Amino acid sequence: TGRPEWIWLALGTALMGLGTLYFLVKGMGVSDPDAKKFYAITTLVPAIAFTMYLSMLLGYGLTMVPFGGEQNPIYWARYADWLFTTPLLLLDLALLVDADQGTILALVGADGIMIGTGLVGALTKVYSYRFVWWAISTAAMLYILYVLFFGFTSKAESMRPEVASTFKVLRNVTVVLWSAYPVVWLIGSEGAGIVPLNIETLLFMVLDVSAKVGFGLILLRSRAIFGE
Amino acid sequence: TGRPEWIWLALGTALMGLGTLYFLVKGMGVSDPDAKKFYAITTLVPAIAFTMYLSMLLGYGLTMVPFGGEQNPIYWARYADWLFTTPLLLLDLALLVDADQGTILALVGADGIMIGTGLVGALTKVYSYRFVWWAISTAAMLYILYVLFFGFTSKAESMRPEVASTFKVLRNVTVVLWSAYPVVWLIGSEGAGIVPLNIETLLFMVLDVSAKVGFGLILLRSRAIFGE
Amino acid sequence: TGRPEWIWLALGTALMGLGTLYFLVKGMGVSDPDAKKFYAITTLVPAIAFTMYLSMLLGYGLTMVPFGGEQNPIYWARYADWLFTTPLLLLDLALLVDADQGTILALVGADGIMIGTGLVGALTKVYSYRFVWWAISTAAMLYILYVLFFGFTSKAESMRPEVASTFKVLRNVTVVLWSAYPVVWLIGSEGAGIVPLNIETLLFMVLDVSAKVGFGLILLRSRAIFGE
Ligand SMILES: CC(C)CCC[C@H](C)CCC[C@H](C)CCC[C@@H](C)CCO[C@H](C)COCC[C@@H](C)CCC[C@@H](C)CCC[C@@H](C)CCCC(C)C
Ligand SMILES: CC(C)CCC[C@H](C)CCC[C@H](C)CCC[C@@H](C)CCO[C@H](C)COCC[C@@H](C)CCC[C@@H](C)CCC[C@@H](C)CCCC(C)C
Ligand SMILES: CC(C)CCC[C@H](C)CCC[C@H](C)CCC[C@@H](C)CCO[C@H](C)COCC[C@@H](C)CCC[C@@H](C)CCC[C@@H](C)CCCC(C)C
Ligand SMILES: CC(C)CCC[C@H](C)CCC[C@H](C)CCC[C@H](C)CCOC[C@@H](C)OCC[C@@H](C)CCC[C@@H](C)CCC[C@@H](C)CCCC(C)C
Ligand SMILES: CC(C)CCC[C@H](C)CCC[C@H](C)CCC[C@H](C)CCOC[C@@H](C)OCC[C@@H](C)CCC[C@@H](C)CCC[C@@H](C)CCCC(C)C
Ligand SMILES: CC(C)CCC[C@H](C)CCC[C@H](C)CCC[C@H](C)CCOC[C@@H](C)OCC[C@@H](C)CCC[C@@H](C)CCC[C@@H](C)CCCC(C)C
Ligand SMILES: CC(C)CCC[C@H](C)CCC[C@H](C)CCC[C@H](C)CCOC[C@@H](C)OCC[C@@H](C)CCC[C@@H](C)CCC[C@@H](C)CCCC(C)C
Ligand SMILES: CC(C)CCC[C@H](C)CCC[C@H](C)CCC[C@H](C)CCOC[C@@H](C)OCC[C@@H](C)CCC[C@@H](C)CCC[C@@H](C)CCCC(C)C
Ligand SMILES: CC(C)CCC[C@H](C)CCC[C@H](C)CCC[C@H](C)CCOC[C@@H](C)OCC[C@@H](C)CCC[C@@H](C)CCC[C@@H](C)CCCC(C)C
Ligand SMILES: CC(C)CCC[C@H](C)CCC[C@H](C)CCC[C@H](C)CCOC[C@H](C)OCC[C@@H](C)CCC[C@@H](C)CCC[C@@H](C)CCCC(C)C
Ligand SMILES: CC(C)CCC[C@H](C)CCC[C@H](C)CCC[C@H](C)CCOC[C@H](C)OCC[C@@H](C)CCC[C@@H](C)CCC[C@@H](C)CCCC(C)C
Ligand SMILES: CC(C)CCC[C@H](C)CCC[C@H](C)CCC[C@H](C)CCOC[C@H](C)OCC[C@@H](C)CCC[C@@H](C)CCC[C@@H](C)CCCC(C)C
Ligand SMILES: *C/C=C(C)/C=C/C=C(C)/C=C/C1=C(C)CCCC1(C)C
Ligand SMILES: *C/C=C(C)/C=C/C=C(C)/C=C/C1=C(C)CCCC1(C)C
Ligand SMILES: *C/C=C(C)/C=C/C=C(C)/C=C/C1=C(C)CCCC1(C)C
């Protein structure tokens, strides 16, 4: 339940808060329109994560879900976080490669399904069913990764070389980090429970900070965010 | 409760899933920007419906609401579905006639009110009050239908004849199908309960598949989605 | 609990409904694209508020929250209202000064955090924690007010003098009214409880009608909404 993992929740809260402040201050020295958008998007991501990590730390974002004949602690606040932060991260990537509206909607929509079905799975009372939702959510994730490689990368090359290289790195970072989430879910408290909640929380914290703060540091330090 | 109607929920799940896959594959042979948008929007609709129909089939999207001195089974997942799919359908229509941002916001906003108030009515514990919400939701629906005829049709004519004819058909399809929803709600388990949940579920399934898959088939088979 | 304050909820419901109808009818005599957007945005605000005020009046938007060792009545419907109406009001201001996408996203995002954290605070079971959320929400509000003065006003001056003057008035109206909300929350039933729910409801009603209907009357009566 909500106790051993408190340290990872506290560290997550602190790291997201610090990241938000760093991006906020760093963005003060920016007036370029396009550069503005990237800062706005990128700063909102850890700001949201900060509030949800704090909600979990304080116990608000935690609930008990019956399944497997047991009362299992489930941090639902994560999904509220991801619901808004994952599409924002996708928007950063899309804006970078100047994706068309159609592809953006496809990505945001698939992302919404990914998080929504993940939440349904996390709160499902029938054990076996939890994995059905996991599969559907994973399929949505694969769709997103597909678009990022066969509907994005190809266009990034048709853009400025500075944009292409920054997109390629952020793209690779996204694919590696995002793909780890379903694995942690599958092995953790929400899934088969091979890994305890304490360790599951630690894993998500490392992934979240990297996917948000790490991702943001790479993007906001790049010249790709400016139109030159 | 959740049993007799299982067959309609299973059929709905299957039909939405098949529709989503068909649109997904069909869209692979498309690269045109504007055509892209229509495929993205139209494929997301049954994809979302698929997840919610499955949630109902598995029992997750079902809840018990006290009213009329009874414990009434209410499938709340429908509203989560409609909250996102109805405005997407409206966006398809709006994009088709190249509606201005102002009208799109008006439609999306009215739609949000329609579904939101429908949900409030569906979960209201005071019988007579349920119909007050039904009336407000219906008023919002009438607003939407009004705009589609006196704020859309008139412009579709000012566009390409291919767009005008496809819009006219989809418009007519929308008006006929959407108008049936409040009637089913009024006579079904959420309303006066003249029709049993089993039959109510069947009716919504026929309406949903037609309004989503049927609607999509007409749109995506049209040349109106391309700019020529 | 839900009784003495019924009159303020009924008055709020009536005033929001009347405002919505007035804006609806007033907007009929408009065909200008940009003017359209302002009417669509501005009419949706009181329309949404109307539904939520009615939900509170009927008892649906009310819930009991344990804290301070007591069962405290909390009208959660307010946050559902504000979640959608505050960013819409910000959009009116942003459209007026032709703000760039980056700033709009920053405002909408900060607003989402403001309302979200306010809701978390309103439903928190640990008394002292409620004020932590209040502080975070207030910080988000201050960010919004900052942008409206150092990221908006400066640009409004670079626009038509009619737009600048209307923005300045609406800006001032927004800053004064919005700043009162955290104070009412802090002194009312959601906070330290120095003011009874009855009076708290009255205060929010006066603020809401002014910030929505009053704000709208000023905007929609202005020539600033037209491009000339
Ligand atoms: C420190 C926090 C907690 C509170 C901040 C408010 C106080 C009053 C200080 C204000 C000064 C700022 C930190 C300056 C940075 C932003 C400037 C450059 C924007 C100027 O206008 C432009 C052109 C918009 O366009 C660009 C905006 C971009 C540079 C910043 C993106 C941030 C955005 C997504 C909003 C984040 C919202 C939080 C800050 C809300 C508070 C946090 C919550 C969780 C409580
Ligand atoms: C089969 C499903 C379950 C999983 C699919 C993922 C795997 C890896 C296969 C990938 C291949 C695709 C089916 C190819 C079709 C899309 C191509 C043309 C886009 C290319 O880029 C463009 C230009 C975007 O712009 C256009 C997109 C448009 C052609 C498709 C619209 C679909 C969109 C709304 C997203 C739907 C999301 C689901 C697919 C998510 C999974 C379902 C959930 C419920 C679990
Ligand atoms: C009176 C209400 C309850 C129901 C109204 C429906 C019936 C059928 C009457 C229709 C006539 C309207 C009142 C005319 C005004 C709108 C016209 C000018 C738009 C034309 O097209 C343009 C160019 C869009 O673009 C502009 C729209 C703008 C002039 C109006 C903005 C309103 C918008 C935000 C939607 C509000 C939604 C409510 C009306 C929904 C009902 C309320 C709920 C809470 C139940
Ligand atoms: C987006 C924007 C807002 C960014 C700015 C964030 C911020 C202001 C700067 C960054 C600094 C971090 C968040 C570091 C603080 C996190 C803590 C060390 C967490 C552990 O505390 C708890 C341990 C030691 O356990 C002790 C025992 C318990 C039961 C006591 C309860 C303590 C609790 C209420 C502290 C939370 C307050 C933090 C998160 C900051 C508030 C933000 C303000 C703006 C209001
Ligand atoms: C491009 C654009 C169009 C966007 C794309 C679509 C979008 C972004 C993604 C697609 C949407 C998701 C895949 C749908 C998942 C949503 C969940 C099933 C809703 C969770 O309900 C909640 C859980 C906790 O349920 C709890 C169960 C019980 C025990 C609680 C009882 C209370 C209940 C009756 C109230 C529910 C009110 C909600 C569901 C109404 C609408 C939900 C919205 C979040 C949509
Ligand atoms: C958007 C995108 C994802 C589209 C792709 C969808 C899909 C993969 C292709 C389309 C095919 C359909 C969905 C047909 C399957 C539906 C079933 C026949 C429903 C009835 O099963 C139940 C009956 C016979 O009752 C039996 C007794 C019960 C208690 C057993 C529980 C069975 C249940 C868990 C099956 C649901 C799984 C389906 C919906 C498919 C999963 C999708 C994957 C991607 C994970
Ligand atoms: C253009 C743009 C601006 C968009 C236009 C606006 C938009 C799209 C449409 C307008 C919005 C709707 C008409 C509002 C309806 C929302 C519902 C009243 C909220 C349902 O709450 C839920 C039900 C199930 O309530 C359950 C009651 C109890 C028993 C549950 C107790 C838990 C409770 C305290 C938590 C509620 C948390 C929510 C309501 C916070 C915000 C809600 C959001 C969905 C907005
Ligand atoms: C956006 C759009 C929709 C705007 C249009 C709104 C509207 C149609 C016009 C504006 C007029 C106002 C809303 C005035 C009505 C409000 C009432 C006086 C509130 C008090 O009633 C209650 C007192 C006296 O207590 C009596 C005892 C109780 C227990 C009886 C229950 C009465 C309750 C069900 C009335 C609510 C219905 C109102 C809000 C209008 C419905 C809108 C329709 C479109 C369906
Ligand atoms: C620019 C763009 C990207 C947008 C910017 C971001 C956005 C607009 C603002 C930022 C988001 C907020 C600050 C986050 C606050 C949301 C709340 C913490 C969620 C409330 O949950 C609800 C309360 C009542 O909780 C109730 C607690 C228990 C007792 C209920 C048990 C049921 C529970 C398990 C179901 C919860 C389902 C939800 C939370 C899933 C997602 C939530 C969405 C609303 C995001
Ligand atoms: C760790 C990271 C998230 C930063 C955390 C910062 C923290 C929250 C505080 C933020 C504010 C500070 C003052 C730092 C800002 C100052 C500098 C400009 C940072 C320099 O890095 C500047 C650069 C360019 O940026 C890139 C730095 C790299 C490390 C980002 C890569 C992200 C990701 C792909 C790393 C992989 C995941 C990790 C945790 C390893 C897991 C190992 C497994 C085998 C288990
Ligand atoms: C029934 C429909 C939803 C399709 C269901 C498909 C299903 C989910 C599987 C999807 C994938 C398949 C392989 C089909 C795709 C292949 C073709 C291109 C289809 C050809 O139709 C191609 C065409 C052009 O399209 C138009 C076809 C018509 C039938 C659509 C009209 C929708 C609507 C207005 C019908 C009315 C409602 C019905 C159910 C009748 C109710 C009667 C009342 C009196 C009760
Ligand atoms: C009170 C207001 C919200 C209007 C309520 C209207 C009501 C809901 C019905 C709507 C439909 C009606 C038929 C009115 C429309 C007709 C006219 C065009 C109105 C003329 O005002 C036209 C003009 C130009 O507009 C501006 C009028 C001013 C009064 C708006 C200023 C808003 C705000 C900043 C006022 C401060 C708050 C108040 C309540 C004082 C609190 C005092 C404290 C010390 C406690
Ligand atoms: C800041 C957070 C980030 C970048 C979060 C990413 C989350 C995902 C890619 C989550 C995916 C999931 C699945 C594929 C299946 C099971 C459910 C989820 C939600 C864990
Ligand atoms: C895929 C789903 C579609 C096209 C759904 C459409 C739903 C409506 C037009 C629903 C309308 C309702 C009312 C007018 C009043 C009562 C409540 C509703 C939600 C059934
Ligand atoms: C129609 C409603 C309007 C304009 C509402 C505005 C609301 C705010 C500015 C609310 C702010 C809050 C805080 C700053 C802190 C405590 C929580 C809130 C939600 C009361």
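Every chain is numbered from 1, with letters handed out A, B, ... down the list of sequences. Basis for what follows: all heavy atoms, side chains included, without hydrogens, waters or symmetry-related copies.
- For C:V132, the part lying under 4.5 angstrom from a heavy atom of chain A is the side chain only.
- For C:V176, there are no side chain to side chain contact (heavy atoms under 4.5 Å, CB included) partners, not counting sequence neighbours.
- Between chain C and the options A:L54, A:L24, A:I48, the largest number of non-hydrogen pairs under 4.5 Å is found for A:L54.
- Neither the backbone nor the side chain of C:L107 comes within less than 4.5 Å of any heavy atom in chain A.
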Produce the donor-acceptor pair table for chain A versus chain C, cut-off under 3.5 Å.
unit_1 : atom_1 : unit_2 : atom_2 : d
A:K36  : NZ     : C:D100 : OD1    : 3.3

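- With sequence neighbours excluded, the residues forming a side chain to side chain contact (heavy atoms under 4.5 Å, CB included) with C:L105 are A:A40, A:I41, A:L44, A:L91, listed by chain and number.
- For A:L95, no part sits under 4.5 Å from any heavy atom of chain C, backbone or side chain.
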